[PDB]
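Take a look at this single chain, the form solved without the ligand, given in structure tokens.
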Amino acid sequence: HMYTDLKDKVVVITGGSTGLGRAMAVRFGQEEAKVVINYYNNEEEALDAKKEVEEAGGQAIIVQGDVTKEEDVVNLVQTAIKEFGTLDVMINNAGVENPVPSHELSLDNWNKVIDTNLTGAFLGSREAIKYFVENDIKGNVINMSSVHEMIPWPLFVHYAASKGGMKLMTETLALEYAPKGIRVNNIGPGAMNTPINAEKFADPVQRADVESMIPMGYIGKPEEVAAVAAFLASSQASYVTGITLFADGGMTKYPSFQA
């Protein structure tokens, strides 16, 4: 039991049923926190995750919601307050992406990604902070960004823009609510072994290509990101606000410049 101060804190996690969201759900369970798992699409996956959280030593519910719908985010935070009594840590983790040459990217496709990856995190952040301010709680927000808030990403201009935006959103909220003890940070994962990438990583030629862009030489394990989230949510990170903490095996250091 690492961060004893996390025990019984209420942690909401959008997209908490798979990948990084699930890894963070589990980790906060290992810290004996009260995890609220948001999911959009697949209850069976969310139920399987709810179980892991409970087994890990935590308490958990699942809540269906589309992060692009204001009522759903408001509902999610309200449900967390109903079920567990309060809110302590808000983790905006939901995200989508798809490759399209930028000059061929449709407005609807651009909007889907912006709506999901950035605006969803804004709504999440807003609702949590609103609750924190009204109830004098020194709460915590973790926004799930990407190396691509810094690394440009051709074929993924919508994704890159969404994370560049998330960066300035996080930094603004951190500055604006710092005097109230509310901290807001980003995590920036590199290439992580999650469902989204499972396709690419099966192709041994593609897996090696991805690996050649990671200086540490391996694709990240999702628990390596959850460890960063645990730290940032904890009182160990008490003087840490408005940062992006990259967990990327060195990827933002320019892989093409390796000796």
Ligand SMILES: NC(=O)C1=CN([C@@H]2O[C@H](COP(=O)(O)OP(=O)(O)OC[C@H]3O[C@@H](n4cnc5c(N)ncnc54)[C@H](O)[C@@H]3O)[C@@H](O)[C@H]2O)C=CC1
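Numbering starts at 1 and runs along the sequence shown.
Omitted from view is the form solved in complex with the ligand, to which the following refers.
Would residue 197 show up as a contact with the ligand in the deposited bound form if we use heavy atoms at 4.5 Å? Answer yes; at least one heavy atom of residue 197 falls within 4.5 Å of the ligand in the deposited bound form.
Answer yes if any heavy atom of residue 139 is within 4.5 Å of a heavy atom of the ligand in the deposited bound form; otherwise answer no. Contact with the ligand, no.
Flag residue 116 as yes or no: does it have a non-hydrogen atom within 4.5 angstroms of any non-hydrogen atom of the ligand in the deposited bound form? Within the cut-off, so yes.
Would residue 170 show up as a contact with the ligand in the deposited bound form if we use heavy atoms at 4.5 Å? Judged by the heavy-atom cut-off of 4.5 Å, residue 170 is well away from the ligand in the deposited bound form.
Among 126-134, 87-95, 178-186, 102-110, which stretch has residues with heavy atoms no more than 4.5 Å from the ligand in the deposited bound form? Contact criterion met by 87-95 only.
Do any residues of 158-174 have a non-hydrogen atom within 4.5 angstroms of the ligand in the deposited bound form? If so, which ones, in sequence order? The stretch touches the partner through 159, 163.
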